[PDB]
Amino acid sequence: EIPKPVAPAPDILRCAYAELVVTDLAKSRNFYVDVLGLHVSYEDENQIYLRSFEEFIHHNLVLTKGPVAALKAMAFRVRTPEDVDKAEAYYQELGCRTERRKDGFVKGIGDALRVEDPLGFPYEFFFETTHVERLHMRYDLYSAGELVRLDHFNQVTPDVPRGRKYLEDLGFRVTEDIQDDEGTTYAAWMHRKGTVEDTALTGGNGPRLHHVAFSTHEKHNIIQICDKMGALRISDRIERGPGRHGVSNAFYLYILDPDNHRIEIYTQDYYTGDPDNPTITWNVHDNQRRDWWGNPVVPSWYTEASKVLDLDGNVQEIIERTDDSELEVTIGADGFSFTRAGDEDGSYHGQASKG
């Protein structure tokens, strides 16, 4: 278990950006800019800095050309410049490796702290960032599939309770989780900004990055991304969805970038900012928990996820989950799920829902 520092936690505002290492910057540009319509804040031959429609900070996504596709940093913005000092002291007390650069690691970010966190993930904390033109009323640019905000990250980690306690001490509040009747936790969602999540934990071998999620305004915007992918004859890069989530109540879609980094498109979850916000726990065998309509979750959603880097840019070693596998217990050969608790009718034994 991860101890609670004496040192005060930094005041974290929200998830702010991810830096993803990609192998072919032009193929990645085509996906994120031409297919998905993200806005270029800055680009050169090594990196593309992208932002969503409503963002005013420099970027929400940094694509960095490199030899091995992986997450290099998941960044959270903190409330004040002095919260970057707080973050540094906090992670030092945790005995984590840290690195601080007063002029930032990427363009458009100033004084920033990167850490290898207790779960093996590269977190950044920053306040200072270069403001850019907020494009929120640039309806002359607005795409039928427009991505309007960065919403969250999702992390694969082998021991969810261990990770949950650490994130709670950091000030994240759990909104929803998935457990069973035998004391296992399979997933948890937690926030700072008053939505269902800024980050989330999915039980599995880790550290790996499960996905980065962007918001749309409306459900038809997500439908348009699917339709466009069909027209481009790249429907094979649609992994799962579109659907309605149980957990989060959001309308969603999962797609795969050219290096198989998973992107979620997400809309219309609910407000969580009250400190006694009711926590919702789903049973792992409830077939409406992930897709509310009961559509089956493809095995790749559970098994595939991106590598993460340490502060030297090397791939973090993967530690195997020993807790029960959500895949195995719901859709594996001895799996089970139900539509109605206690009802044999609409239940699934050793197979996924819908045939």
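Note that residue numbering follows the sequence shown and begins at 1.
Query raised in the report: If you average the Cα B factors in the entry, which is higher, 185-193 or 109-117?
Result: Mean CA B-factor is higher for 109-117.
Requested in this report: Averaging the C-alpha B factors as listed in the entry, name the stretch that ends up higher: 217-225 or 100-108.
Outcome: Between 100-108 and 217-225, it is 100-108 that shows the higher mean C-alpha B-factor.
Report task. Please pick out which of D291, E328, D286, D44 has the largest Cα B-factor as recorded in the entry. Result -> So the option with the highest C-alpha B-factor is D44.
Query raised in the report: Say you rank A231, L256, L170, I265 by Cα B-factor from the PDB entry; which sits at the top?
Result: Answer for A231, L256, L170, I265: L170, with the highest C-alpha B-factor.
Query raised in the report: Looking at the C-alpha B-factor of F76, is it in the lowest, middle or highest third of its chain?
Result: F76: CA B-factor falls in the middle third of its chain.
Query raised in the report: So where's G243 on the chain's Cα temperature factor ranking, which third?
Result: Lowest third - that is where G243 ends up once the chain's C-alpha B-factors are sorted.
Query raised in the report: Lowest, middle or highest third: where is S143 by C-alpha B factor in its chain?
Result: For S143, the deposited C-alpha B-factor lands in the lowest third.
Requested in this report: Can you work out whether the C-alpha temperature factor of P296 puts it in the lowest, middle or highest third of the chain?
Outcome: Tercile = lowest for this residue's CA B-factor.
Query raised in the report: What third of its chain's C-alpha B-factors does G203 belong to: lowest, middle or highest?
Result: It belongs to the lowest third of the chain when residues are ordered by C-alpha B-factor.
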